[PDB]
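Q: First, the structure itself, so that you have it in front of you.
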Amino acid sequence: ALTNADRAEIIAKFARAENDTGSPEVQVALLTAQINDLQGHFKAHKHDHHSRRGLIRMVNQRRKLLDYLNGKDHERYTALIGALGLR
Amino acid sequence: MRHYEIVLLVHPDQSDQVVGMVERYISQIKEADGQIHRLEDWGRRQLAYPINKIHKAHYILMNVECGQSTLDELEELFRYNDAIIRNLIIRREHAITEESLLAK
Amino acid sequence: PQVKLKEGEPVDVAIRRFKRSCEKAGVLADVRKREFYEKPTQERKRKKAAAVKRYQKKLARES
Amino acid sequence: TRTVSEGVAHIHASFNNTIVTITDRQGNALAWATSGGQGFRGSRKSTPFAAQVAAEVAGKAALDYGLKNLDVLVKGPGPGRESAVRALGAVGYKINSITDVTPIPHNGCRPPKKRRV
Amino acid sequence: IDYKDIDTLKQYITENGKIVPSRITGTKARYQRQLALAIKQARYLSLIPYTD
RNA sequence: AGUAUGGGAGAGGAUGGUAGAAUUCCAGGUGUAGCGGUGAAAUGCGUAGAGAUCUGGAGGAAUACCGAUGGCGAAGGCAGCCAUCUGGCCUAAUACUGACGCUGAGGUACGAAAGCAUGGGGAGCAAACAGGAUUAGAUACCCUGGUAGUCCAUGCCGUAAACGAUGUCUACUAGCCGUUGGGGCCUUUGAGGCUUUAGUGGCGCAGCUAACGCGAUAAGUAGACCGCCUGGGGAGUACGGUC
Ligand SMILES: [Mg+2]
Ligand SMILES: [Mg+2]
Ligand SMILES: [Mg+2]
Ligand SMILES: [Mg+2]
Ligand SMILES: [Mg+2]
Ligand SMILES: [Mg+2]
Ligand SMILES: [Mg+2]
Ligand SMILES: [Mg+2]
Ligand SMILES: [Mg+2]
Ligand SMILES: [Mg+2]
Ligand SMILES: [Mg+2]
Ligand SMILES: [Mg+2]
């Protein structure tokens, strides 16, 4: 599980402007944190088909945000993928 | 961590041990850290139906702020103990500390 | 249940009191229901009909 | 032999048959009788008249042991619940209380299939 | 509504020991849900009987 | 369209534990005759003693009352209580990114019940099956027993009148009466009355419709994308192909 402290740390690390919470980088970092977190639970419970839909929704949202960021700015996208080690 | 409420029944014959019993449990909690908010002794009471051919039991209530491992240990100790007959574990949001009804 | 008898209570009045108590309890309806199995679709249809009838009765009363 | 001050009456009431049992408190059955036991072989087994006759004949046998105070537990939906208590009152027994004991499952076993005829 | 206050719970049980529907009492649905939950908990704790 | 921060409701999902009611079986005490079932009977069970009653055990399956035009979920569908893990939704105010959106050929995921493979379990019910009935005949309807199955673990199968017989998304167009979860306001004798949202229902103007009817949860007025139909049988069958 991820607490408010971990989320605050992530937001601070990837925040671009002051009080920034909606930039692509912050959202992608939060989604990656949650997706990585859920791996242990889905390893424990392999027949919970109802929550895997939420997991897939998070994955799709991350993909859309990354595609938007690439189109807006290539260097920012490269830096974000490098920091997160996504692909 | 998490606030739990524990209402447990014990057999009249082992009643003399209850004073000690609660004590040791509290110690274990205090070993980790924990907090003990409420501890009430309702006394011996007739049962609405016979549990294991027993018509009366002594009820005791506790409120704690403990962790997961301590909760598991408490559950195991309750289950394996023969003196107590049935327990109830209720997760509570926030801690309630006041004179509870049925106290006396 | 537990219809205790008064000192001078006639048997007929006690029988009537027991009848009223049983009718209020509604045990007879459950006993009748338990005889045969009702499938989920049939019970859902029955409940839908009962709800429609109750709503119609309420509308009629309000008028 | 045994002397019993107070007794209990059991009425297994059914659509097909009605059985009357007489027992003493703390258990043990003193006497019993049923509709089919005394005639009523066939559909008459279900008639409440057979129920009251069976109750009366059972009570007559019960008098032999010696008792004057009774309690009634009716366990069944069959016709004869009132007939048995009326007969027990008529025979002279004093009924302290009359209660219902019919069982009810809380969604236990599956009941049989419905009869299409 | 908690299992502890057995009196209020008893103010809604029936002689047989069954829960009374909201139509008779006139209570609100949320109140009825917590009322039934408290009755079940107290019934488990042998404070009020399962049946009669 | 989305993100952070406070709250709220819920049979949403997965794992484990535990409670009471009842059916069957077992052992024992009282007790002696039938019980059971049908429209009526019969098969069947019982003097190595049944049915009835009381006590003590075994095991499987499902959660009375609450319960509701009630709730939650994309659909399939989810009902005792407790713990752990976890998805979505509603609601208030601020602070953020700045079109990041809608639909979607192929493709992929989930998907009632029945059925299949291996290994377990088996109370009740019950296809097939064996008897008793009814009938002209009875391959059935009815009655007495009863196997697979129904239950669990791991996989497969991919079909339903899988229905609201009504694809998804967006904006607009009289009103009346209920109900569930929230927000705001006015009274007060501590509960009521008004509004505002997101659901869920009953009427109804205009409009539409062959008619029945739909009618802010449109089948009205318009826009974007997909799927599908072209007289009834033959036939969702033949051949080829994929599984
Ligand atoms: Mg799409
Ligand atoms: Mg397609
Ligand atoms: Mg599959
Ligand atoms: Mg059959
Ligand atoms: Mg499992
Ligand atoms: Mg089809
Ligand atoms: Mg359906
Ligand atoms: Mg339908
Ligand atoms: Mg269709
Ligand atoms: Mg339309
Ligand atoms: Mg043609
Ligand atoms: Mg074909």
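Chains as they are written, first to last, in this note's numbering: chain R, 1 to 87; chain H, 88 to 191; chain B, 192 to 254; chain Y, 255 to 371; chain A, 372 to 423. Built from N, CA and C at the ideal position, the CB exists for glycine as well.
Is there a Cβ of chain B sitting closer than 9 Å to that of residue 333(Y), yes or no?
A: Taking the fourth sequence and counting its residues from 1, the one referred to as residue 333(Y) is at position 79. Chain B, which has no Cβ nearer than 9 Å to the Cβ of residue 333(Y), makes this no.
Q: When you compare the CB of residue 96(H) with every CB in chain A, is at least one pair closer than 9 Å?
A: Locating residue 96(H) in the second sequence gives position 9, where the first residue counts as 1. Taking Cβ atoms only, chain A reaches closer than 9 Å to residue 96(H), which makes this a yes.
Q: Within this structure, are the beta carbons of residue 168(H) and residue 93(H) separated by less than 9 Å?
A: Walking along the second sequence from the start, residue 168(H) turns up at place 81. Walking along the second sequence from the start, residue 93(H) turns up at place 6. The answer is no: Cβ separation not under 9 Å.
Q: Determine, using beta carbons only, whether residue 242(B) comes closer than 9 Å to chain A.
A: Counting from one through the third sequence, the residue named residue 242(B) turns up at place 51. No, residue 242(B) lies away from the interface with chain A (no Cβ there is under 9 Å from its Cβ).
Q: Opposite residue 264(Y) in the DSSP bridges: which residues?
A: Position 10 of the fourth sequence, counted from the first residue, corresponds to residue 264(Y). Residue 264(Y) pairs with 275(Y), 327(Y).
Q: Whose Cβ in chain A lies nearer than 7 Å to the Cβ of residue 216(B)?
A: Counted from its first residue, the third sequence places residue 216(B) at position 25. Those are 387, listed as they occur along chain A.
Q: Under 8 Å by Cβ, that's how I've got residue 172(H) and residue 139(H) pegged, so tell me the actual separation to the nearest angstrom.
A: Residue 172(H) sits at position 85 when you count from the first residue of the second sequence. Residue 139(H) sits at position 52 when you count from the first residue of the second sequence. Contact flag correct, Cβ pair sits at about 6 Å.
Q: Check whether the Cβ of residue 193(B) lies closer than 9 Å to any Cβ atom in chain A.
A: In the third sequence, counting from the first residue as 1, residue 193(B) sits at position 2. For residue 193(B), the answer is yes, since a Cβ of chain A falls inside 9 Å of its Cβ.
Q: Look at the alpha carbon of residue 195(B) and the alpha carbon of residue 327(Y), and state the distance between them as a whole number of angstroms.
A: The residue you call residue 195(B) lines up with position 4 of the third sequence. The residue you call residue 327(Y) lines up with position 73 of the fourth sequence. Whole-angstrom Cα-Cα distance: 12 Å.
Q: Identify the continuous alpha helix (DSSP H) that holds residue 363(Y) and give its terminal residues.
A: For this step, residue 363(Y) is matched to residue 109 along the fourth sequence. Counting along the chain, residue 363(Y) falls outside any alpha helix (DSSP H), and DSSP gives it neither H nor E.
Q: Would you list, in sequence order, the uninterrupted beta strand (DSSP E) runs of no fewer than 3 residues that lie entirely inside the region 106–138 of chain H?
A: 123–133, all fully within the region 106–138 of chain H.
Q: Less than 9 Å between CB atoms is the rule here; does residue 423(A) satisfy it with respect to chain B?
A: The sequence position of residue 423(A) within the fifth sequence is 52, counting from 1. It does: the Cβ of residue 423(A) has a partner Cβ on chain B nearer than 9 Å.
Q: With 16 other CB atoms within 10 Å as the buried threshold, where does residue 157(H) fall?
A: Locating residue 157(H) in the second sequence gives position 70, counting from the first residue. Classification of residue 157(H): buried, given that the 10 Å Cβ count is 16 or more.
Q: Just verifying my parser: in three-state terms, what is the DSSP assignment at residue 86(R)?
A: On the first sequence, position 86 is the one that residue 86(R) refers to. Looking at residue 86(R) - three-state DSSP - the assignment turns out to be coil, as it is neither helix nor strand.
Q: Using the DSSP secondary-structure output, state which residues sit across from residue 60(R) in a beta bridge.
A: To locate residue 60(R), count along the first sequence from 1; it is residue 60. None; residue 60(R) has no bridge partner.
Q: In terms of residues, what are the limits of the beta strand (DSSP E) holding residue 348(Y)?
A: Stepping through the fourth sequence from its first residue, residue 348(Y) is reached at position 94. Residues 348–354.
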